[PDB]
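One structure below.
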Amino acid sequence: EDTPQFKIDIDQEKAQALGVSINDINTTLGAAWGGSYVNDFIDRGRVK
Amino acid sequence: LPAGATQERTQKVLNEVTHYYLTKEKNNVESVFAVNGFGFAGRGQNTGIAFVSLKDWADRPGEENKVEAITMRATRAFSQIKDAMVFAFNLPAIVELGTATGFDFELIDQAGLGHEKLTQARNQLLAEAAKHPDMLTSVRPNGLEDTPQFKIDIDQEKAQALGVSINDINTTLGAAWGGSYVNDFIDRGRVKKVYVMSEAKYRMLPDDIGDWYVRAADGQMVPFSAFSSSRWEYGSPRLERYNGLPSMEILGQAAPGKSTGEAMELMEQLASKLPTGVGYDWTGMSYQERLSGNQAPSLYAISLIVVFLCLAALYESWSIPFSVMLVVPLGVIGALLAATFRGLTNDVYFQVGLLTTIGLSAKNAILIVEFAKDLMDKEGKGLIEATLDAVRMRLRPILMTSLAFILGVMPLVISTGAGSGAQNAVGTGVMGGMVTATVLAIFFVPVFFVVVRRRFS
Amino acid sequence: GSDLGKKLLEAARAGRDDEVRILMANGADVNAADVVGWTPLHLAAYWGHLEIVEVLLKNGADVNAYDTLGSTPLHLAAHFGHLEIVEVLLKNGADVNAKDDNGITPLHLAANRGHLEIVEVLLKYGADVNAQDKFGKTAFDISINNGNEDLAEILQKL
Amino acid sequence: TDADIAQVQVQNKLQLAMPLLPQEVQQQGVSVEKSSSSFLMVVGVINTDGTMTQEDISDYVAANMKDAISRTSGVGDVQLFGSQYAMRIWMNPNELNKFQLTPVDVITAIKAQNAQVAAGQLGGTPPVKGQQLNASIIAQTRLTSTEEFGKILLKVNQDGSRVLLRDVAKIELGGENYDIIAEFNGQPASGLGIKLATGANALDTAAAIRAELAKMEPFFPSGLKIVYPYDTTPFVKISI
Amino acid sequence: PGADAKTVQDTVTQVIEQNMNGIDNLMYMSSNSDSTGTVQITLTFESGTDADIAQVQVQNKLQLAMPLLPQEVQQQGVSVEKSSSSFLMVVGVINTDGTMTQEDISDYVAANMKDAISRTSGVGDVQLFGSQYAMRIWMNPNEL
Amino acid sequence: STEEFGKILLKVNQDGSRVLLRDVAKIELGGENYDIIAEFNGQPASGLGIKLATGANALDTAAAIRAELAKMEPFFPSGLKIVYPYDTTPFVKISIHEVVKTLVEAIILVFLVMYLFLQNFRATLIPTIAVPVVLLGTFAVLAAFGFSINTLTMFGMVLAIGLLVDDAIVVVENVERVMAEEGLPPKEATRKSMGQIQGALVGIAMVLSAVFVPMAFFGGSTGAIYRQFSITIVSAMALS
Amino acid sequence: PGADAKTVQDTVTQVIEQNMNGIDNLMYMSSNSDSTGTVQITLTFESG
Ligand SMILES: CCCCCCCCCCCCCCCCCCCC(=O)O[C@H](COC(=O)CCCCCCCCCCCCCC)COP(=O)(O)OCCN
Ligand SMILES: CC(=O)O[C@H]1C[C@@]2(C)[C@@H](C[C@@H](O)[C@H]3[C@@]4(C)CC[C@@H](O)[C@@H](C)[C@@H]4CC[C@@]32C)/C1=C(\CCC=C(C)C)C(=O)O
Ligand SMILES: CCCCCCCCCCCCO[C@@H]1O[C@H](CO)[C@@H](O[C@H]2O[C@H](CO)[C@@H](O)[C@H](O)[C@H]2O)[C@H](O)[C@H]1O
Ligand SMILES: CCCCCCCCCCCCO[C@@H]1O[C@H](CO)[C@@H](O[C@H]2O[C@H](CO)[C@@H](O)[C@H](O)[C@H]2O)[C@H](O)[C@H]1O
Ligand SMILES: CCCCCCCCCCCC
Ligand SMILES: CCCCCCCCCC
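Protein chains in written order, with this note's numbering: chain V, 5 to 52; chain D, 29 to 485; chain B, 437 to 594; chain H, 64 to 303; chain X, 10 to 153; chain R, 71 to 310; chain E, 2 to 49.
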């Protein structure tokens, strides 16, 4: 069934006024609250 | 050549190797295809191969001008060489199949130990194998040892202080020293690659690092010396893996007199006392034996049963078959004599030769026994009477086939030309096997038949 | 580059103590060097072979031999955590404050990989704690940047 | 239907869609599988001496066991009941805003300072004449530890102080996800849910799985043990 | 290009190896990662396995791993081939009057010979020993 | 072209002068890689490594490759020459010829031996007909099983030739004997003679099948070689 | 996209075609490269 969800509207004009990129906004929101797979590293010989 | 050696150094040895074959083997060698930069154990600047092509078999008469002889002379001649392992060797009959002698072992990192501890475990295993020359010979790694390498550290703080980006640093380093495939272009209607790289003279030595500059945010050019530090360390030029885990392949063979199965059983024992988290497995030729080892007896166990059952149905007797079946060694002995006399091996041509020699001798025995039995069963004759009448009737056809078939394979025995190795292996095991199978069966088959019929009244 | 010099380099690396012994008897060059400038002592110090380090120093090996970038056997032993070799090299007159071409000392290297025992030994033989590399970095600066608690306590003796 | 051909034809078409998909979806790895919907077996893994947590066990299974089971013939799909470790950078927004930094700055620095650079060679081809030295250049390599990720330099302040990554984030080894958590008879566990590849023999695949697990058992840590909480194959063998 | 053995192993070889799943009739897999920037993963299959099916299954699992490999490796391309190492013959091509380098000969063979040999009756595969031309920009750091 | 790449604009200076790519770099058509140096008797070289197509005739292909290389001769630049350092076709041409010689010589030897003992041209023809019929027939069965003419299958027939020769000789001889000893005419003699051996010959086929057929069921690379001889010998012997 | 017939032929069609060698039961190969960037390469096989 449907469930409550938190709808958020980025104001494009206000963002352009302050000089804030929409890519920086969406990366910030997405990386912080959703997670972001940046790149790989090596843990005890295995790529992870 | 040794580790760290350059392309030029290798070329000098290949020129010397080529110079030998065109001077010292002038009458045999047609050409020498020198390939600097490639070896089967691991490609690199310090390795190469020279493919020697010979003149026609007609222009190289006698054993002295064959590959066997030329190989030995070349290998002996190239034992002199200034620090370089140089040796000639013939190709195997099936290059597709590989060399295929001895075993193929895999030493495996099973618990994230790392390259260095796997090297130590490998050295521990090799040193232990060396203490059993009676069972194992030429136990060696099929891979490269660690070599000196130039570790350069980009200082992140100093790069950020001067306003130099890391992408500009790492691109400047990689593009110049390593090369960089930028994009394609079209040369005369064909798409081809565009590479940027440093001209040879500015990417040779550690002092050349400081001659490369990178532009900072403020506009000033900064040299690599300003934001880097370097040092020598050791690392691998060839990392191996097996079934997803770090590995080191170990080749070797069973010692003279020993089977590969014994040598394998020892390597497993010596492996079981290696450090914690170091496992092993068998690959290639050894994997196929380890899985399909018990087939050879198990198949011919059924063969022997079916043969018996067929002869039982033919003769209508559970006992009489034995008189035929006892013929098998009579051919085999002469094959083994003819092979061992000439210094040939127990190879597939010889082995298929045994089966044809056995089958024809078995066929002869079947007809001798058949004739004898019918004389007993229909004409009411005695055992010895029927046996003597049977072998009398069958003497001529046995002698005719043998005369023809021994003379038919006679050229394959004496042959020394092209493809003579296979012809020899076919011919000798058939000739020698036929000589004993003919001579012995005519006297021994009546013995087998008479002894069997007396034993089972 | 003599015949036995190359065999001593390879033997000192591999840790074959018995082959080094024989090569010492036959007069193999203890100061023989790679293309990169590494003596048998460098190689023994790197790969951690203790007996050979001692054998080479008995046979007049240069304890302060330097490679093409300024690194000594003490640099190598201190960096790779070989405490026994560090003590032996220092005992046989190794320059505890030796600097490579980067200004990096054995203390900096020992500090950077958290080899606590070695850092104390180097200090005991007179390691300059305030020695700076080309980037102005002390061993103390390395310990706080790496976040090594115990090491920072030892080196905070200015 | 030949399932090998079904997979080929489906994947031929998926490949046309792949470039149109988001970069993040491509990087998670899209997979095409030909398996039964139901589980053939569950291979459980516990620690009988309580020495490893649910998270430690799952990582061990993912890093030392799963791949070899996945490569075994007849194994259509392998579900890890748990997650492999990843380097988790847990960001702090208060500390991020304190140094005028964002998640975009953290991401850029991790790309810049956890990098595996191809640097070429000293004396590389084509060389100058008379070269004696040949050696690989090794520059930055992948980071291997929380300590190394911790000391990633984000920025240097006006007054000369350093903002490291550990100053704006807690750094630890932890699951790629934290969604799957398993238990065996109340105690912490992980495991592998194995599905039979389309048309393969259940009993042969099980035998191959049990053989592949036997190769792993000798190199386990202390206390780690395989358990068999679900297997559809034994009934086939017993009923026959 | 320009990659050491470890860089190749840890950015290419491990990533490909981790994705070699769900492929039928695999006996074993082996790989080498070396300091000339090369990786070779060989996957050996059970006897009687269809080689074309074996190849496409490997090829398909690689394609899905391609987005995980580095830009430079994606650009060069990762070749999946059947390892039927058995040449019918080797045709050498040489220059007697010293006018052409090996690079010049290799390009002539690429452009004026290779394709016609590939289209010849009964020819299964053809390998150029060398490369066709490349535009080389040899940089000077002093001038830069 | 190299000229166009040289004219690439890198920057425009303040004074007006243009920095082109040829100013800061040498530009040339070179190789992609410089690791391999290939030479043929000291001279620079390249070449084509040619493989045979599945189910193709190796001798036809080699002739065809040489024919296409001949068409290219006129258009080569000065100094360019074709050479053949490795070629299996000379070897394969010899291997087949020597086997064909042996099979024909075996048939004349049987003619010489048959005449030496039986002493009439009539009887010595009967194997001379029957053996070729069986040999030709074996190739038809090899074709039906998807086998090729090769070193292994050819020596398979050379090893089989004793079994083929024997079937011919045994049948004819036994008629010549029954005619000599009892004085029956050829037609009645053959009925009696074949009565003595037909049951045996069927038994011999079964027994020989049991000797050779198990050789086909070896596994791996060794078993693939053994299977070549097995099918060839079992087919030849069964037709005989 | 945007490439003429000749550019498409040189960069795509010939590159693909010179790799369509030694395929089993290939009777003939036909192809075309056009002004909309499109390549089509049809390979017809032996009957059966
Ligand atoms: C491992 C997986 C399982 C695989 C299965 C393998 C099966 C293999 C096939 C074996 C079949 C053998 C059957 C023979 C059974 C013996 C029957 C003989 C009966 C007998 O005693 O013969 C008597 C005359 O003696 C005589 O003249 C002597 C004849 C008997 C010779 C005995 C030797 C038998 C040899 C068979 C074993 C060797 C095979 C391999 C080479 C009179 O007969 P009677 O019926 O009146 O007697 C009853 C008296 N009141
Ligand atoms: C008498 C003699 O020398 O054998 C010749 C003669 C030969 C057996 C030939 C191979 C083959 O056509 C043979 C067949 C059975 C081909 C099919 C039919 O049309 C037969 C009517 C024909 C008769 C004999 C012949 C024509 C020979 C060969 C082999 C040629 C192949 C190579 C690779 C050299 C040979 O030269 O050895
Ligand atoms: C008494 C009967 C005994 C049975 C004998 C059985 C014969 C078996 C021999 C092999 C049969 C096939 O042998 C056939 O030989 C001819 C030789 O002209 C080959 O022909 C090929 O090689 C020759 C020689 O290099 C080339 O010049 C020619 O352009 C090419 O087509 C055929 O590709 C092959 O099909
Ligand atoms: C599952 C299938 C495989 C099973 C294995 C079979 C092996 C059998 C080998 C062949 C044996 C042939 O079988 C054998 O035939 C000959 C004739 O040809 C018979 O011999 C008899 O023939 C007829 C029969 O009416 C009589 O008039 C004659 O007096 C007598 O010679 C034998 O009684 C029989 O034993
Ligand atoms: C009834 C007499 C004819 C039986 C046929 C014998 C030939 C069988 C050949 C077996 C080959 C596998
Ligand atoms: C005539 C049948 C000969 C027996 C061949 C053996 C087959 C073994 C298959 C397991």
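Positions of the beta carbon are idealized from the N, C-alpha and C atoms, including for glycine.
| field | Residue-chain proximity (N271(D), chain X), Cβ-Cβ < 8 Å | value | A Cβ of chain X is located within less than 8 Å of the beta carbon of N271(D).
| field | Run of the beta strand (DSSP E) containing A204(D), from where it starts to where it stops | value | Note, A204(D): premise wrong, no beta strand (DSSP E); not H, not E.
| query | What residues sit near ligand 4, counting only those whose C-beta is closer than 7 Å to one of its heavy atoms, in chain order? | reply | Selection output, chain order preserved: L337(D), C338(D), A341(D), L342(D), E344(D), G265(R), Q268(R), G269(R), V272(R), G273(R) and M276(R).
| task | Output, in sequence order along the chain, the residues in the region 21-36 of chain E whose CB is closer than 7 Å to any CB in chain R. | result | Cβ contacts with chain R: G23 and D25.
| said: Quick test of your reading: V532(B) and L492(B), contact by CB under 8 Å. State the CB separation rounded to the nearest angstrom. | reply: That belief does not hold up - the Cβ atoms of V532(B) and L492(B) are roughly 19 Å apart, past 8 Å.
| When DSSP labels each residue in this structure, what does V191(H) get in the three-state scheme? | Of the three classes helix, strand and coil, the one that applies to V191(H) here is coil, per DSSP.
| Residues of the region 161-193 of chain D whose Cβ lies closer than 8 Å to any Cβ of chain B, in chain order | Cβ contacts with chain B come from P176, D183, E185 and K186.
| request: Establish whether the CB of residue 1(E) and some CB of chain D are separated by less than 8 Å. | output: Since the displayed chain E opens at 2 and closes at 49, residue 1(E) lies outside it and no answer follows.
| said: As a quick check of your reading: which residues have a C-beta less than 7 Å from at least one non-hydrogen atom of ligand 6, in chain order? | reply: With 7 Å as the limit, the residues whose C-beta approaches a heavy atom of ligand 6 more closely than that are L327(D), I330(D), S331(D), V334(D), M276(R), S279(R), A280(R), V283(R), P284(R) and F287(R), in chain order.
| request: Consider the C-beta atom of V241(R) and the heavy atoms of ligand 5; say whether any pair is separated by less than 7 Å. | output: No, the Cβ of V241(R) stays beyond 7 Å of every heavy atom of ligand 5.
| request: Please list, in chain order, all residues of the same chain as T194(R) whose beta carbon is under 6 Å from its beta carbon, the five residues on each side excluded. | output: Spatial neighbours of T194(R) in its own chain (CB-CB distance under 6 Å, excluding positions within 5 residues in sequence) are listed in chain order as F181, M184 and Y185.
| request: Note the first and the last residue of the continuous alpha helix (DSSP H) segment covering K288(H). | output: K288(H) -> not in any alpha helix (DSSP H); beta strand (DSSP E) instead, spanning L287 to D294.
| query | Between which two residues does the beta strand (DSSP E) carrying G583(B) extend? | reply | For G583(B), no beta strand (DSSP E) encloses it, and the DSSP letter there is neither H nor E.
| field | Under 8 Å between C-beta atoms of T39(E) and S32(E) | value | The Cβ-Cβ distance between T39(E) and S32(E) does not fall below 8 Å.
| task | Excluding the 5 residues preceding and the 5 following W474(B) in the sequence, name in chain order all residues of the same chain whose CB lies nearer than 7 Å to its CB. | result | The residues are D503.
| Coil, strand or helix - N33(E) by DSSP | Three-state DSSP puts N33(E) in a strand.
| request: Consider the Cβ of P189(H): report whether some Cβ of chain R lies at a distance smaller than 8 Å. | output: At least one beta carbon of chain R lies nearer than 8 Å to the beta carbon of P189(H).
| field | Cβ-based contacts, 7 Å cut-off: residues of the region 191-222 of chain H near chain V | value | Taking a C-beta cut-off of 7 Å against chain V, the contacting residues of the region 191-222 of chain H are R205, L206 and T207, listed in chain order.
| In chain order, what residues of the same chain have a beta carbon less than 8 Å from the beta carbon of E523(B), not counting five sequence neighbours either side? | Excluding sequence neighbours, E523(B) sits near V557.
| task | Give a yes or no on whether the minimum CB-CB distance between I62(X) and chain H is below 8 Å. | result | Yes, contact with chain H.
| field | DSSP state of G139(H) mapped onto helix, strand, coil | value | In the three-state reduction of the DSSP assignment, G139(H) falls in the strand class, which pools E and B.
| query | Taking DSSP as the reference, what is the three-state secondary structure of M264(R)? | reply | Residue state, collapsed to three classes: helix.
| message | Could you tell me the alpha carbon to alpha carbon distance between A447(B) and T541(B), rounded to whole angstroms? | response | The alpha-carbon separation between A447(B) and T541(B) amounts to approximately 27 Å.
| task | Take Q66(X) and list the residues in its own chain whose beta-carbon comes closer than 7 Å to its own, dropping the five residues that flank it on each side. | result | Beyond the five residues adjoining it in sequence on each side, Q66(X) comes within less than 7 Å, by CB distance, of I32 and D33 in the same chain, given in chain order.
| task | Look at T75(D) and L29(D) and say whether their C-beta atoms are less than 8 Å apart. | result | For the pair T75(D) and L29(D), the CB atoms are nearer than the 8 Å cut-off.
| query | Should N548(B) be flagged as near chain H, meaning a C-beta pair shorter than 8 Å? | reply | At least 8 Å separates the CB of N548(B) from every CB of chain H.
| message | Is there a C-beta anywhere in chain D that falls below 8 Å from the one on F576(B)? | response | No - not a single Cβ of chain D is within 8 Å of the one on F576(B).
| said: Assuming contact is defined by CB atoms lying nearer than 8 Å, are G226(R) and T302(R) in contact in what I supplied? | reply: Contact flag set, yes.
| field | Candidates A230(R), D237(R) and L150(R), of which the one nearest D116(X) by Cα | value | Per the C-alpha coordinates, the member of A230(R), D237(R) and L150(R) positioned closest to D116(X) is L150(R).
| Around the Cβ of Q20(V), are there at least 16 other Cβ atoms within 10 angstroms (buried) or fewer (exposed)? | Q20(V) is exposed by the Cβ-count criterion.
| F68(D), buried or exposed, once every other Cβ within 10 Å from all chains shown has been counted against 16 | Classified as exposed, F68(D) has fewer than 16 neighbouring CB atoms from the shown chains inside 10 Å of its CB.
| query | Relative to chain E, which residues along the region 113-144 of chain X have a C-beta separation below 8 Å, given in chain order? | reply | Listed by position along the chain: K123, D124, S127, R128, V132, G133, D134 and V135.
| Any contact of the region 166-179 of chain H with the region 209-222 of chain H, i.e. 3+ C-beta pairs under 8 Å? | Put simply, the region 166-179 of chain H touches the region 209-222 of chain H. At least three CB pairs are less than 8 Å apart.
| Taking 7 Å as the cut-off, does the CB of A306(R) come closer than this to any heavy atom belonging to ligand 5? | Taking 7 Å as the cut-off, the C-beta of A306(R) does not count as close to any heavy atom of ligand 5.
| query | For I394(D), which of helix, strand or coil comes out of DSSP? | reply | Assigned with DSSP and collapsed to three states, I394(D) falls in helix.
| said: So, at 6 Å on beta carbons, what are the nonlocal neighbours of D13(X) in its own chain, with the 5 sequence-adjacent residues on each side left out? | reply: Excluding positions up to five away in sequence, the list reads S44.
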